[PDB]
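This report refers to the structure that appears directly beneath it.
Note on naming: letters A, B, ... go to the chains in the order of the sequence lines (proteins, then strands), and numbering restarts at 1 for each one.
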Amino acid sequence: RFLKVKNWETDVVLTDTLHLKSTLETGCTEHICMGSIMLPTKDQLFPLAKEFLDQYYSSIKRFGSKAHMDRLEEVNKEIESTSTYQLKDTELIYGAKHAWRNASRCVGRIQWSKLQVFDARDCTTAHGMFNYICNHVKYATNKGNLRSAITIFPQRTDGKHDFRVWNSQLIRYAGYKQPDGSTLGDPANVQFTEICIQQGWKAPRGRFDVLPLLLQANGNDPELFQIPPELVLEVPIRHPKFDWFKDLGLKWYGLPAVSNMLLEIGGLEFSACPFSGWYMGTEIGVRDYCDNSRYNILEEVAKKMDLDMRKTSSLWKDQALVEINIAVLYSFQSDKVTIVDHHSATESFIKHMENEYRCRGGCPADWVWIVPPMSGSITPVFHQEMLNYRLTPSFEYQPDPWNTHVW
Amino acid sequence: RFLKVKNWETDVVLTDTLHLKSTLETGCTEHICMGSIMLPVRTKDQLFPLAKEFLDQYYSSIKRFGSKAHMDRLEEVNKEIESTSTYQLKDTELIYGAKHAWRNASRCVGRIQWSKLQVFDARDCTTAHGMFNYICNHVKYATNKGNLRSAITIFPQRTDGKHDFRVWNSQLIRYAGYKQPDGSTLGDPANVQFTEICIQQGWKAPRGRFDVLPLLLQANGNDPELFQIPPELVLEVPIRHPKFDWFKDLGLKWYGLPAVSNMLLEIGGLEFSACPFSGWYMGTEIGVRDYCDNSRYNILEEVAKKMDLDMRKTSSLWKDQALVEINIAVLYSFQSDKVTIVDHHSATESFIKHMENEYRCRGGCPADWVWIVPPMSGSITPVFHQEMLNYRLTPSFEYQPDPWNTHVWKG
Ligand code: HEM
Ligand code: HEM
Ligand SMILES: N=C(NCCC[C@H](N)CN(O)CCN)N[N+](=O)[O-]
Ligand SMILES: N=C(NCCC[C@H](N)CN(O)CCN)N[N+](=O)[O-]
Ligand SMILES: C[C@H](O)[C@H](O)[C@H]1CNc2nc(N)[nH]c(=O)c2N1
Ligand SMILES: C[C@H](O)[C@H](O)[C@H]1CNc2nc(N)[nH]c(=O)c2N1
Ligand SMILES: [Zn+2]
């Protein structure tokens with residue numbers, strides 16, 4: 001019932017009871033652990049709304065008050081009638097902040113309560129979505145002093161009137177398959193880069209071409225939009241020691257903004273809720289730049305460094321990996337663009353876990369995602385036991401629209 | 001029920017059916033995942049069924065399931081059990097059992113080598129001196145002058161739980177750790193408690209930074225006894241860096257033979273409480289964990305200073321930088337001295353091939369992602385991108401309480 005998690009580097013032991021309020025399943029069973037798998041009605045709705053309202057009023061110290069009972073009734077009535085409901089702005093903001101608070105795969109949750117929520121529920125068209133998204137981008141970028149934000153479009157109704165941002169992130173680079181069979185630009189976005197063209201986009205066919213937004217409002221077909229360049233902060237990548245580094249022709253965008261997730265609050269589903277915070281260095285330097293299936297630039301960098309690439313045991317890949325990541329962080333800091341290294345971010349998360357354990361009785365955390373893709377054990381989270389479980393409100397994965405849209 | 005795991009780097013999908021044979025519990029529930037939790041006498045009543053499941057697996061493995069030899073064996077054991085409340089494995093069953101416990105060890109990335117395990121049968125051992133002798137032969141055989149050979153030595157199984165054989169050391173070879181009165185620690189901090197028990201038992205500590213600990217051996221539930229492994233039998237490797245001539249001056253060295261000796265081997269219900277085994281090191285075990293964990297030798301800073309790295313702010317990634325060099329040094333020193341070792345890139349690539357083979361020939365491969373992925377450069381190794389299924393199959397290697405916490409001293 002009362003589970004304990006131990007940190008093997010500091011012997012600190014925390015007790016978790018928050019998991020007892022868990023509602024969704026994990027993918028695992030007592031016979032099998034799937035911890036490393038990437039993707040494990042009015043009658044249905046009211047109980048959800050109730051659970052949410054109870055936690056909402058409880059958080060404001062008005063659990064079971066008249067206001068609570070009242071709102072509970074009002075929502076109850078609304079559901080019975082309309083077969084759904086609308087959150088009060090206060091609930092919208094609380095729900096979003098908590099969905100972030102509950103994202104077990106996010107190492108940056110110590111920032112959870114500072115989220116700026118943009119209510120775009122009155123939106124009706126793709127141009128309207130583009131407008132809201134541009135405002136989000138400018139607000140969050142804040143000339144390099146990034147501020148976390150989320151813009152929430154209209155909730156789901158009949159499932160045939162869904163708003164969806166087709167991009168996986170608001171800002172990403174295009175990827176095109178060349179005759180060579182090789183891939184130019186970002187390989188992860190090869191397909192999307194195609195669906196944009198299958199729509200009319202005029203690809204400059206470059207290595208770092210900011211993709212166009214493909215916005216879907218109310219179910220209708222999506223529409224393309226070029227984000228005003230001055231709104232897309234980019235960072236030229238240079239090494240604080242290797243002048244030749246810049247010759248690599250590397251740069252990345254400063255704003256990470258997940259746009260393909262679904263937000264669940266009190267049973268209500270928000271299929272278009274792009275959100276953004278700021279990068280942890282390794283996301284770019286380790287994953288985007290060195291993944292074998294991404295920009296895969298390890299060899300090139302190792303060559304320039306003139307390292308013995310004959311035997312894996314010389315650890316040239318490891319050597320290069322480090323330099324590359326030193327560069328990413330150096331560049332961002334130099335341009336005064338917010339960014340955080342894995343040491344600092346993970347140190348933050350441990351503090352955050354401790355705060356959540358004392359103030360909330362726990363903190364759902366997914367070790368597989370929390371530990372950085374490089375230098376795992378020299379970061380504190382590696383030695384930290386974590387309990388993973390699903391709490392709502394939450395952020396969930398959802399099918400790429402191009403695999404569900406009825407044109 | 002079928003289950004698939006996908007490798008997101010190659011899109012190779014695999015199907016697991018072997019998990020269906022999984023009987024033991026994982027620690028997780030439908031509502032919670034304990035995937036990152038370090039540590040999540042039998043009755044006749046429960047024994048024979050465990051015996052049967054095992055003998056069935058064994059006879060199927062040799063293509064004799066349902067034969068007369070199979071049936072007679074099941075009858076022979078059934079009888080022995082009701083007759084003696086236990087039973088003895090045939091040599092062939094023991095060898096098979098030991099190999100499969102390794103094969104089934106979900107946290108082991110070196111399982112591609114599982115079928116080559118050399119098994120030493122020490123079930124006739126009765127005293128600690130006998131244990132010492134067996135352990136010495138295992139170490140010399142396994143070490144093989146630097147060309148390491150995997151091996152396991154199996155002492156008598158548990159009976160009533162009051163006559164257990166145990167190796168109190170956590171590994172056959174490990175360095176002493178000494179807590180100084182000023183609060184600092186000399187040697188390996190991980191071994192401070194065990195070292196104190198050794199000194200108390202009478203060991204004369206040389207008190208250096210790399211003193212090979214003595215063996216503290218327990219036979220038939222008796223009080224443990226001390227023994228010094230012959231120095232000529234302990235292969236050690238001085239660590240130096242191929243480019244940094246000052247590295248050698250850090251005075252670092254490590255032993256070549258990694259030999260877990262505190263685990264419990266379960267086979268067909270029988271419990272082997274003393275079953276030391278060895279293979280060879282993956283570089284990062286020493287370079288990352290032994291040398292760089294904050295709670296171990298913790299040398300990042302000193303190596304950082306010597307390299308003249310900007311240590312003012314973490315974002316310089318000075319720790320990351322020093323880490324790589326230290327690991328380059330460990331691999332380099334071992335290769336130079338021709339002492340077997342494997343780097344994490346090579347070891348992980350091998351585990352992926354092994355894993356694919358296991359799915360195709362066995363229907364699955366239980367694997368613990370948290371442990372399989374190396375403690376450094378995680379995503380640039382293929383296992384990072386590989387989905388895995390973790391489940392417990394027997395035969396198996398299990399954790400057991402440290403003996404100093406359960407032993408009834410006879411004095
Ligand atoms: C302010 C700084 C923030 C930092 C440093 C941070 C860092 C991270 C990192 C490293 C990951 C894993 C990324 C990957 O490997 O692809 C992640 C995942 C995630 N974060 Fe955060 N995050 C921040 C803000 C946010 C915000 C504002 C939200 C939403 C309100 C959020 C929600 C999540 C979710 C749901 C995931 C997992 C997404 C998935 O499964 O792909 N994060 N975060
Ligand atoms: C042939 C060389 C081998 C290599 C390269 C290898 C490598 C490893 C590594 C890197 C780990 C994790 C160690 C740690 O992080 O502390 C491990 C764990 C494990 N290995 Fe292997 N291994 C090998 C041979 C063996 C042998 C011979 C056995 C048994 C017969 C075995 C049984 C296990 C077990 C049971 C674990 C888990 C230990 C625990 O949970 O504490 N390994 N191995
Ligand atoms: N810092 C953040 N990172 C999440 C988005 C970027 C990620 N590298 C892409 N990604 O999840 C790739 C798909 N597996 N979030 N945020 O600050 O809002
Ligand atoms: N290569 C092997 N490694 C396992 C034993 C060494 C480990 N670093 C010590 N250890 O797990 C200390 C406590 N967590 N095995 N083997 O070759 O048989
Ligand atoms: C197969 C495995 O689940 C997959 O590679 C995971 C591992 N850990 C991760 N951790 C983070 N933060 N992000 C990822 O994309 C992944 N990928
Ligand atoms: C808390 C966490 O589970 C623990 O530190 C684990 C993580 N992964 C590991 N992986 C290996 N190979 N060895 C370890 O000791 C650990 N420690
Ligand atoms: Zn699990």
Side-chain angles (χ1 to χ4, degrees), chain B residues 21 23-24 41-62 64-102 104 117 119-131 133-135 152-168 217-224 261-277 392-401 403 406-410:
Chain B
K21 306 306 172 193
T23 55
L24 305 172
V41 290
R42 292 201 171 81
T43 299
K44 303 190 178 190
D45 176 58
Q46 45 213 184
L47 189 54
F48 190 74
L50 296 179
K52 181 161 187 302
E53 288 191 295
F54 171 69
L55 296 161
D56 282 350
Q57 288 156 190
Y58 171 71
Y59 274 89
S60 291
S61 80
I62 58 177
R64 292 288 186 288
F65 183 92
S67 67
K68 183 168 180 289
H70 180 188
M71 292 305 118
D72 291 344
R73 181 54 180 156
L74 296 167
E75 185 67 311
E76 188 184 36
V77 175
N78 180 202
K79 286 178 60 186
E80 201 174 322
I81 292 182
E82 66 177 301
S83 165
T84 69
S85 291
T86 190
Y87 78 99
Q88 295 297 315
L89 289 170
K90 293 297 181 182
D91 292 12
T92 48
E93 300 166 343
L94 186 69
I95 291 166
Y96 171 88
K99 281 172 184 190
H100 282 68
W102 183 7
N104 296 334
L117 184 55
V119 183
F120 288 115
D121 183 352
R123 286 173 303 171
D124 64 2
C125 191
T126 69
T127 68
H129 277 83
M131 293 177 66
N133 191 52
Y134 269 106
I135 288 170
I152 179 166
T153 296
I154 309 172
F155 291 107
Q157 67 209 39
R158 173 172 295 158
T159 51
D160 61 4
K162 300 172 181 174
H163 300 71
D164 288 8
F165 282 71
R166 291 297 293 285
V167 172
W168 287 39
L217 313 169
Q218 170 181 327
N220 203 217
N222 294 309
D223 290 349
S261 56
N262 60 358
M263 292 185 95
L264 184 151
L265 168 62
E266 174 181 334
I267 300 177
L270 300 180
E271 305 189 303
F272 295 95
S273 54
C275 62
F277 60 80
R392 305 170 53 192
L393 301 172
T394 45
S396 73
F397 282 108
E398 299 298 338
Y399 283 133
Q400 69 185 323
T406 63
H407 185 62
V408 179
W409 291 83
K410 297 176 176 179

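Of all heavy-atom pairs spanning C125(B) and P156(B), the tightest one is O-CG, 3.4 Å. The two atoms that bring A51(B) and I81(B) nearest to each other are CB-CD1, 4.3 Å, heavy atoms only. Here the closest heavy-atom approach between residue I267(B) and residue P395(B) is recorded as CG1-CB, 4.2 Å. Scanning all heavy atoms of the two residues, the minimum distance from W102(B) to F397(B) falls at N-CE1, 3.5 Å. Nearest heavy-atom pair, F48(B) versus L74(B), reported as atom, atom and distance to 0.1 Å: CE1-O, 3.5 Å. Residue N222(B) comes nearest to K410(B) through the heavy atom pair OD1-NZ, 3.1 Å, listed as atom of the first residue, atom of the second, then distance.
By the salt bridge (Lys or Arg N to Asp or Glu O under 4.0 Å) test, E53(B) is found to be paired with no residue, residues two or more places apart in sequence or in another chain being considered. Residues passing the salt bridge (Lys or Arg N to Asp or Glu O under 4.0 Å) test with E82(B), sequence neighbours excluded: none.
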Original post:
Are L47(B) and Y87(B) close enough, and set up right, to give a side-chain contact (heavy atoms from CB on, under 4.5 Å), and what steps lead you there?
Top reply: CA-CA 9 Å; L47(B) 189 54; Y87(B) 78 99; 4.2 Å; yes
Subject >> Stepwise side-chain contact (heavy atoms from CB on, under 4.5 Å) test for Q218(B) and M131(B) >> reply: CA-CA 8 Å; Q218(B) 170 181 327; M131(B) 293 177 66; 5.6 Å; no
Subject >> Derivation and outcome, side-chain contact (heavy atoms from CB on, under 4.5 Å), residues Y399(B) and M263(B) >> reply: CA-CA 5 Å; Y399(B) 283 133; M263(B) 292 185 95; 4.0 Å; yes
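Using a distance-only test at 3.5 Å, with no hydrogens or angles considered, a donor-acceptor pair links the side chain of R42(B) to the main chain of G269(B). Of the possible polar contacts, one joining the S273(B) side chain to the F165(B) backbone as a donor-acceptor pair under 3.5 Å is found.
The CZ atom of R392(B) sits 4.5 Å away from atom CD of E398(B), with the distance rounded to the nearest 0.5 Å. Put simply, CG on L55(B) and OG on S60(B) are 10.5 Å apart, with the number rounded to the nearest 0.5 Å. Atom OG of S396(B) is separated from atom CG of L265(B) by 7.5 Å, given to the nearest 0.5 angstrom. The structure places CE of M71(B) at 12.0 Å from CG of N78(B), a figure rounded to the nearest 0.5 Å. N133(B) contributes atom CG, which lies 9.0 Å from atom OG1 of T127(B) (distance to the nearest 0.5 angstrom). From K68(B), atom NZ reaches atom CD of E75(B) across 11.0 Å, with rounding to the nearest 0.5 Å.
Between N220(B) and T126(B), every side-chain heavy-atom pair lies at or beyond the 4.5 Å cut-off. Side-chain contact check for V119(B) versus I154(B): some heavy-atom pair is nearer than 4.5 Å. In this structure, the side chains of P224(B) and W409(B) come closer than 4.5 Å at one or more pairs of heavy atoms. Contact check for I62(B) versus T92(B): no side-chain heavy atoms found under the 4.5 Å cut-off. The closest side-chain heavy-atom distance from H70(B) to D56(B) is below 4.5 Å. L50(B) has its side chain out of reach of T394(B): every pair of non-hydrogen atoms, C-beta onward, lies at least 4.5 Å apart. Residues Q400(B) and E271(B) are not in side-chain contact: their nearest non-hydrogen atoms beyond the backbone lie 4.5 Å or more apart. Annotation: side chain of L117(B) is not in contact with side chain of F277(B) (no heavy-atom distance under 4.5 Å).
Applying the salt bridge (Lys or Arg N to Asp or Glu O under 4.0 Å) test to every pair with at least one member in residues 87-99 of chain B, sequence neighbours left out, gives these pairs: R73(B)-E93(B), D91(B)-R123(B).
By the neighbour-count criterion of 12 heavy atoms within 6.0 Å, atom NZ of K79(B) is sparsely surrounded, having that number or fewer from other residues, nucleotides or ligands. Heavy atoms of other residues, nucleotides or ligands lying less than 6.0 angstrom from NZ of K162(B) number 12 at most.
A perpendicular orientation is assigned to the rings of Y134(B) and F155(B), their planes being inclined by more than 60° (bins at 30° and 60°).
When each of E80(B), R158(B), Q157(B) is checked for a side-chain contact (heavy atoms from CB on, under 4.5 Å) with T86(B), only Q157(B) meets the rule.
Side-chain atoms of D164(B) and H407(B) form no donor-acceptor pair, as typed in the model, at a separation below 3.5 Å.
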